[PDB]
Amino acid sequence: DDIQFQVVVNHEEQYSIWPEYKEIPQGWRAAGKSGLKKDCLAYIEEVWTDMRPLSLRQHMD
């Protein structure tokens with residue numbers, strides 16, 4: 001850690017980390033957490049508990 005990351009989320013409500021210094025790629029947006037890698041990873045673990053893509057949840061539920 002020395003690099004600030006942002007947690008990013010796509011339209012399927014899947015999460016990744018992305019360096020703050022880079023432009024967020026098309027199809028992704030800020031998910032509401034910036035920080036060191038470990039803190040971003042902790043956040044994703046906290047919030048991503050149903051790992052089915054959103055469209056799969058919609059089809060199954």
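Note that we place each Cβ from the backbone using ideal geometry, even for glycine, and neighbour counts take in every protein chain shown. Please treat every number below as a calculation from the coordinates, not as lab data.
Let me know the charge dipole size of the chain about its Cα centre in debye, to the nearest 20, where only the beta-carbon of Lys, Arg (+1) and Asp, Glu (-1) is charged.
Details: 7 positive and 11 negative charges, 23 e Å.
In total the dipole reaches around 120 debye.
If I fit a long axis through the Cα atoms of helix 37-47 and take the longest principal axis of the Cα atoms of the chain, what angle between them do I get, 0 to 90°, rounded to 10?
Once rounded, one gets 20 degrees.
Indicate the gyration tensor shape class of the chain (rounded, prolate or oblate), computed on the Cα atoms with a ≥ b ≥ c the square roots of the eigenvalues: a/c under 1.5 is rounded; otherwise a/b larger than b/c is prolate and the rest oblate.
Cα axes put the chain in the oblate bin.
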